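Enquirer: missing the sequence, but the structure's below:
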């Protein structure tokens, strides 16, 4: 979970954090790492309808993606620590604000994926000794998938650095006394 | 159950607690931990219709989620104890007020899940020696599930800290004499 | 049965207890403990239609829930005994007044549950050597269940402490002479 | 991932990088190497509908293509280091700015490719001992493929060198003091 | 039987013991030792359906578990005797109040276990000289077991020390005159 | 059983231990050692369905895992005793708080494992002189195992040191007078 | 277990170790040696489905791989001790942070491997005196293996030296006074 | 393992090695010797599907191929030491950078090779005294092999000398003071 | 029989001995010496099913094990007499309280051992002049033995010294007047 | 029995020995000498199933292994007595704490070994004048042996010196006054 | 046993030996001499399945191989004593650290070797006056042998001199004062 920045130094004033960032309007609002989100993106490009265990994979990743908000005062929104120029830099984390509309779209995928099933035939028709099977209820889903996903990739979402997160919501870091 | 804060110190005046918080309007009203609720969220993302024991899992979690209200005078609404800055902080608990409408929605899921069944065929057609089975009564449910759940995730619910719970309902903590 | 408070000290005047609390209007009117009722609630969330012994469980709990009224003069409506502040408190019992309408709803569940049956087939078709079975008379019940229960959870019922039970019905405790 | 140029020397001023290149308008916007993209191109020319494992190949390459943006201050947009004339040159990298419209086209291919299937027949009709099979749902796809791809090759996309990337978006490299 | 504390010193007043603890509401209500109950727990985790003598073990333990209530005036509810700090302490006994509902659940296990049988075949088909046998009536039981037991472990039951048993039911110990 | 720290020195105040740690909310709640739990983990990775005596091994370990809570006043939550720097340190014990939900999951494994059986055939068909056998009722279990276990490993559980156990539940150690 | 670096010298401040590295976010998170992990990699390349004892080998290695985290204050994250240039160097250990998603993938392999079986036929059909056998339940697994493994090799995981482990999580080593 | 060049002389600056070559982007990225790789190539040209022990040969070589990266500061990327002209030269090592895509292709071969099997028939039908056998599941594999291999040979991969490895990633060798 | 400590000195008060130790709750409850019990343990490890006279050995030892309770007022629970330090010490006896459940387990062994028999054949088939014999009714017993015994060894039983036996049951020794 | 260190000097305080080492948690817990245990190890490597008298050897050694705990106050945990440097040293004893789980594993071997038998045939078929014999009930055991033993060798158990035994359980040696 | 180096001179500091080399992580970890191990290697190359006494030879050597760790302070890890150049040198001992995985592999061989048997036929069918015999249970073993051994030879294990053993684990030799 992306809370990789030291607790200490401190701190958000606690008049505004209460007011603006917690209580209403950030948290319980999702956050994924850039060049960590992309990876999420392709696990799903990227998937074969249909063999089982290749479908349960959609469900699996969304947990542990990993998804959190990094600054929890006493924390700074991750930066990250280097001087410009000298080669110990670690230049920034950039984070994605997914929106009230989309997490409920990512969700759509998670159970656009599996459908109630009659699989157990194998323990029947084939093994003690036909069926073939029906495919269609998959096919439409496999296509429904292609759209809900082609939206996901082609949907320019807001990026946020430490520089921005203090600007968009004004919070002061209050450096020691 | 989230009653993690010391009994002692005390106490809510007992003129208002009786009046406002107990008797009518909080209790018997649910409360789940943030970043503890989310986890609830994904156990359910997050589920395969249909194999048994993957359906009874919805029922199972809602008990022990865990769900309670933390301040019971003599108790303070959990805070939690640290000074800002110095790295022994434990910064806050933030709690979800689910609403008279939703607990009866979470409930919907719990028994949107299982349906009366003819499973015992296995002890018949297959084992002493076909059936296949019928799927449809599952399928619709599996889709009914996808909606009642896509509401759950995309439903911005009220968050409450110690700072807020004394403000929204005014109670005084009455520090020793 | 929630009669956990000492007999002794005494007592309700016996002019009003006769008049108001016994004779007509409380007793034979049900009472369940809070955070003891909830538990009742989830045993039933919380149940699989259909395997037997998972249905007889509804019937079983309603007896021993446990259900009684706590003050029987010479008794005080349970309080309970602690000073505020000092950590030997036991802060209150809060009790649910279920209503003439609902106990006859909880009842509905108890025998919404089982139905006359042809089970004994197992001792026939399957064991000396098919049937499958019919499910439908269960299915509707399983859904009838989901409603009579989704009312139960989402039905804000009156809570009562010692503070309230003497106020709503005025009784004096008559402390020794 | 094409970040082949030394971290060090530094650096983009950090007034404009924040403003123009990160935050909004480059990143999360794709970048493929020239004469590295072409190779991508022909893996797909270049493919046989239908044998399996010859279809999963579309999915596979798009990850690891490889795709990234090279300058992350403190980094210079790769150049690359040689003097003109003397035979240690490494003359330039030239990079493709694919567009909001196309990555969602490349995506189209990735799952224009596989479709829900009834393959498991082989473990049936043929192996324990006909079917033939149906082809048509492939055929149309195989043709749908030919168009979405004939666009890809015949779509002149913007090339960018170090010389250009500082011109199109004005950033200064700030050489030591 | 957990009556390990000296008879003597005395005594419960005998106005309340009669009233509250004996007569109605404790006794004939079960009591098992903590870290003595757990052991009970795992003898049953913890069992193989099916070989005989591995099933009669459920029956066997519940007697001698051991189960009793410790204070019988003239007795103190076991404490136990040490000063804090100095290393002859014996710090407390903590006891489980199992409930009217559960002892009738523990019972369920005891004869969920054995079933009427045709074992004597061995003295027939096999020894003077086939049968195999039927398993199914075991199998369901073995699964019925898994649930009635998974309730037992995951059922947080009330713990009681000397400190509590005098508080929950108010009794005075009456130290010599 | 992890009670490895000296009785003596003392002691938890006994106002809070009664209140918070015993009575309700820790005990009867499980505790396994880190890098002692892992070992538990792999005994189960780690197991062959099916040969007998390779299945009874699941049952066997869970007892003696070993599982207890270490501080029982008069005891300190194990630390452990060294100065920083000088090489007689023994740096800490870190302990796992498994949850009301999981011990009833670990339990699931214990009897997900064995099933009622017809083994005794060997003393028949084969030895006095076929059968083969049926495998399927194992196979599903072996797969059911793979999931209930893949949850166990991939379930980040709370770690607790002496530093934390006094913070999360506030108890004072009361050093001699 | 890779704890090869001297205890002594000391030490991590113990304000941050508690905060950041232990408690939550490293430990119970896996760590394998580079050019020690690779070896793990090929034991599994690298395996024949199916002869027994060539399948139990997957299970066997994952224990003792060997897997631990090296710095436990008072310990330094292994370095390792040499001056640059002079030929007694031992240049670094580089370690793999496997992720919450993957250890539950490595696990998948461990019991993707064995399946419930009817082997004992050999002691029957063949030895006292046919069967052949069925292969298919292996075959699919053998292919399922090929994918879960082709992910393992082609999954660029994070490498960490002493230089990095203090940077990514900021800890100070506190050299003697 | 190709680390044939003296440790000593030294050394890579350790500002860039950390930055560029280790940490992310070379290591855990494979390296095979030229005119040592070719040999690998033909062991596989070069193989008979199917006799056993002629298939396990694919698996065997990939370990010990041998595969490593040669410069580990304090090491120089192998050169190798001679003056031009005078006949003690040893002119260069040239190394292959296989890519994230291909090692997962070489892997494909390793277990494209063996399949779950019914071989043990020989100990049956033939030896105690038909079967013939089935070939097809081999045949397709033998052809699948021919393609995944005809890619391997006809895939021009990047060659790297000492001259290049310092140019492509800029590292300085820092000759004594 | 372990009554090795002088009669004399005296004595247990005879108000408590009657009350607590005799009458009900110690005696007729077994007691074996430590490092005298172990020896019992291995005589049984430790035994060959089956030759006669190697089976009657189980029966034989349990009598004379030897088993008794040592203090019979006027007796002190054996101590034993030495000063600390000076080398005439005899430091303690430590005794095992076997439980109502186990003596009936040790018993199980005693006649798990022999079974009704047809031995006398030897005086027939073999001596005046075949039979072989049947083994199976032994074999199962020999295995039944292995379990009832593997419980015995791995069952941590309570140890008791003089220091403890006066603490667990409070008795005073009453030294002369 | 490893009690090789002089009685005298003295002594463990007798407040802690009672508390911690005896009573509960060491004794009746096994202890074998290092480089004395190994020898045990190979007597069993190391054994031929099957000729009799080569099987009774497992049983025989476990008694007299030899197994005891060395310090019995008044005793010091054996050290052993030498000064460093001067060649009369006897440097340490190091001892193995086998665990509640393993002694019940070593036990397994002891009677994994012998099985009820029909040997006496020799006095029949062969000597007064065929049989051959049956082997299988041995064979499986011989293999069952190979596993329960391959655990024994590859199970890193805790080593303890005098230095450690006073640290892990804190006891003071109390040197004369 | 390779403890060939004088006791005397001394000594390992005894702060680190306790910490690092003994207690946990070397001892009970095996050690074989180079060009003494090889010899072990070929006794096993090197063996004929099957004649008896040519199989018991595997078992025999592993004891007395010989296997120990040479430095036991007060001892130096054997060196060995000569000056470079002058022809009384004895240049080094180099030792093999076999691993937790392999000693349990060498073990495999030891009882991969013998199997329960029916040999005694010779005293029957052949000598008083056919059988032939069955070979197969040997044959597979003889092949199982060939693999577990072809791993042993082709498994590059770590070599250690005095120079290395003080470097890998840092211990100081402390030369007289």
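Expert: Happy to help now that I have it. Numbering: from 1, shown residues only, chains lettered A, B, ... in the order given.
Enquirer: mind listing what the closest residue to residue A:35 other than its chain neighbours touches?
Expert: Nearest non-adjacent residue to residue A:35, counting by C-beta to C-beta, 6 or more residues apart in numbering or on different chains: residue D:68, 7.6 Å away. Bear in mind the C-beta positions are built from the backbone N, C-alpha and C, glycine included. Contact analysis of residue D:68 by C-beta atoms under 8 Å, 6 or more residues apart in numbering or on different chains lists A:35, D:1, D:2, D:3, D:31.
Enquirer: that's a strand at the second one, yeah?
Expert: No: residue state for residue D:1 (DSSP: H, G, I helix; E, B strand; the rest coil) corresponds to coil; a strand is not indicated.
Enquirer: isn't it up against residue D:65?
Expert: No: counting by C-beta atoms under 8 Å, residue D:1 does not reach residue D:65; the two are 9.4 Å apart.
Enquirer: distance to residue I:26 added to the contacts of residue D:68, as CSV?
Expert: Formatted as CSV, those follow (distance: C-beta to C-beta, whole Å):
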residue, distance to residue I:26
A:35, 73
D:1, 77
D:2, 83
D:3, 79
D:31, 85
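Enquirer: please spell out the ChimeraX selection for the buried subset of the residues you listed.
Expert: In ChimeraX, a selection of the buried entries from the contacts of residue D:68 looks like this (16 or more other C-beta atoms under 10 Å in any protein chain shown):
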select /D:1,2,3,31
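Enquirer: closest one of the contacts of residue D:68 to chain G?
Expert: Closest approach to chain G among the contacts of residue D:68 (C-beta to the nearest C-beta): residue D:1, at 9.1 Å.
Enquirer: now the nearest residue to the closest one once chain neighbours are set aside, what are its backbone angles?
Expert: Nearest residue to residue D:1 in three dimensions, chain neighbours excluded: residue D:68, at 4.0 Å (C-beta to C-beta, 6+ apart). Residue D:68 adopts backbone torsions of phi -170, psi 180, taken as degrees, to the nearest 10.
Enquirer: in chain A, which residue is most central in space?
Expert: Nearest residue to the geometric centre of chain A (C-alpha atoms, centre = their mean): residue A:32, 4.5 Å.
Enquirer: how far away is that residue from residue A:80?
Expert: Using C-beta to C-beta, to the nearest Å, we find residue A:32 at a distance of 17 Å from residue A:80.
Enquirer: same question for residue A:156.
Expert: 24 Å.
Enquirer: also residue A:126?
Expert: Distance from residue A:126 to residue A:80, by C-beta to C-beta: 56 Å.
Enquirer: for chain A, what spans make up the strands?
Expert: A:32-33, A:95-96, A:159-160 (DSSP state E).
Enquirer: name the helices or strands packed onto the longest helix seen in chain A?
Expert: As assigned by DSSP state H, the longest helix anywhere in chain A is helix A:136-153. Under the contact criterion of 3 or more C-beta pairs under 8 Å, 6 or more residues apart in numbering or on different chains; DSSP states H and E, the helices and strands touching helix A:136-153 comprise helix A:103-112, helix D:103-112.
Enquirer: again, only this time at 10 Å
Expert: With contacts taken as 3 or more C-beta pairs under 10 Å, 6 or more residues apart in numbering or on different chains; DSSP states H and E, helix A:136-153 sits against helix A:37-43, helix A:103-112, helix D:103-112.
Enquirer: and of these, who's closest to chain F?
Expert: Nearest of the helices and strands packed on helix A:136-153 to chain F, taken as C-beta to the nearest C-beta: helix A:37-43 at 16.2 Å.
Enquirer: tell me, how many residues neighbour the closest residue to residue A:5 other than its chain neighbours?
Expert: Spatial nearest neighbour of residue A:5, excluding adjacent residues (C-beta to C-beta, 6+ apart): residue A:78 at 4.1 Å. When neighbours are counted by other C-beta atoms under 10 Å in any protein chain shown, residue A:78 registers 21.
Enquirer: how near is residue A:78 to chain F?
Expert: 20 Å (C-beta to the nearest C-beta, to the nearest Å).
Enquirer: who touches that residue in this structure?
Expert: Taking C-beta atoms under 10 Å, 6 or more residues apart in numbering or on different chains, we find residue A:78 in contact with A:2-6, A:33, A:70-71, A:90, A:92-93, A:95, A:161-162, A:165.
Enquirer: now with 8 Å?
Expert: A:2, A:4, A:5, A:70, A:71, A:93, A:162.
Enquirer: about what we covered before: okay, the strands of chain A, which one's buried deepest?
Expert: strand A:95-96 (a mean of 24; mean count of other C-beta atoms under 10 Å in any protein chain shown).
Enquirer: next one: the residue of chain A found nearest chain F from residue B:53, what distance?
Expert: Per C-beta to the nearest C-beta, residue A:123 is where chain A lies closest to chain F, at 6.3 Å. Distance of residue A:123 to residue B:53, given as C-beta to C-beta: 17 Å.
Enquirer: between the two, which one's more packed in?
Expert: Ranked by neighbour count (other C-beta under 10 Å), residue A:123 and residue B:53 place residue A:123 first, with 15 against 12.
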